[PDB]
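A.B. asks:
Number of protein chains: 2
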Amino acid sequence: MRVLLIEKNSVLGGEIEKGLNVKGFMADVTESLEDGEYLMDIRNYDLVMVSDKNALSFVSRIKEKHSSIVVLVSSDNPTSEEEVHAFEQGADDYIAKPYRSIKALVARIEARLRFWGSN
Amino acid sequence: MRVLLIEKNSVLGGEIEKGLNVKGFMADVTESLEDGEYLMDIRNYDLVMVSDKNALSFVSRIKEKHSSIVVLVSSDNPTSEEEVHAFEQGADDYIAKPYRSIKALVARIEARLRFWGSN
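Residue numbers (this note's numbering), protein chains in the order written: chain A, 603 to 721; chain B, 603 to 721.
Below you can see the structure in the form of structure tokens.
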């Protein structure tokens, strides 16, 4: 299994990446979803998470191609409007920024898919 | 599709019950998971949510029988430990109490079990 972490920052991205590594999943740190989108074409991942406002259209369009892949959207303002909108667009799970904790993010990931990658 | 909500409260029961009703699902508010469990044996449901600390064992044992049903666990203290433990136990999704909003709860529910088909 391979996880795609998209975050302009470095602390959050590195934290999430190193966290998922504990389980044994290959997490990649990026900036904009654009990178993961163009990279997902040459590579084959299973988990894709991005912390941007453009995650709606990103995940929405993704479901059209890879409806199997797990689309995870995160935002600094965890509001119901963003949650319902993101879910309706394509997002499979909404994450608040900051998040509860690394352990939570990973746990929710493996539990969200539960179709690949295990300890 | 039938949605079962377990909460000894009142405001939450009515708020959630009506919230889901907006879509077109059977929302029923109960007290303890014991009720929903004993009732789920006499009736066939699809969505099951409970806001109790004993949801871990409840959802954990449920997955053993109905691996299809969506187990939604909620707690007043939305902590990573509770989230990770909830998923590891059997919980499909973790909900914070209070939650972001009704629209969010319902949206997440219908989004979690969208493969249910039968519009």
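Just so you know, even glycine gets a beta-carbon here, dropped at the ideal spot from N, CA and C.
Excluding the 5 residues flanking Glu-712(A) on each side, which residues of the same chain have their C-beta closer than 7 Å to its C-beta?
C.D. replies: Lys-625, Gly-719
A.B. asks: Please report the distance separating the alpha-carbon of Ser-669(A) from that of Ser-659(A).
C.D. replies: 14 Å
A.B. asks: So, with DSSP's three-state summary, where would you put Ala-698(A)?
C.D. replies: Of the three classes helix, strand and coil, the one that applies to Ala-698(A) here is strand, per DSSP.
A.B. asks: Measure the C-alpha to C-alpha separation of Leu-674(B) and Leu-607(A) and round it to an integer number of angstroms.
C.D. replies: 26 Å
A.B. asks: Whole angstroms are fine: how far does the CA of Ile-664(A) sit from the CA of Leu-635(A)?
C.D. replies: The alpha-carbon atoms of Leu-635(A) and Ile-664(A) are separated by roughly 11 Å.
A.B. asks: At which residue ranges does the stretch 604–645 of chain A contain complete beta strand (DSSP E) runs of 3 or more residues, listed in the order of the chain?
C.D. replies: 604–608, 628–632
A.B. asks: Output, in chain order, the set of chain A residues within a Cβ distance shorter than 9 Å of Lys-705(B).
C.D. replies: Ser-682, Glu-683, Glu-685, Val-686
A.B. asks: Do we get a CB-CB distance below 8 Å when we pair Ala-709(A) with the residues of chain B?
C.D. replies: yes
A.B. asks: Would you mind telling me which residues of chain B sit closer than 7 Å to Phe-689(A), beta carbon to beta carbon, in chain order?
C.D. replies: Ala-709, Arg-710, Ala-713
A.B. asks: Quick check: what's the CA-CA separation for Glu-690(A) versus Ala-709(B)?
C.D. replies: C-alpha separation (whole angstroms): 8 Å.
A.B. asks: Return helix, strand or coil for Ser-662(B), following the three-state DSSP convention.
C.D. replies: helix
A.B. asks: What number of angstroms, rounded off, separates the C-alpha of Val-672(A) from the C-alpha of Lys-705(B)?
C.D. replies: 22 Å
A.B. asks: Can you look up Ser-676(A) in the DSSP assignment and give me helix, strand or coil?
C.D. replies: strand
A.B. asks: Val-686(A) bridges to which residues according to DSSP?
C.D. replies: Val-686(A) pairs with nothing; no bridge assigned.
A.B. asks: Determine which residues share a DSSP beta bridge with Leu-649(B) and list them.
C.D. replies: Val-605(B), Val-672(B)
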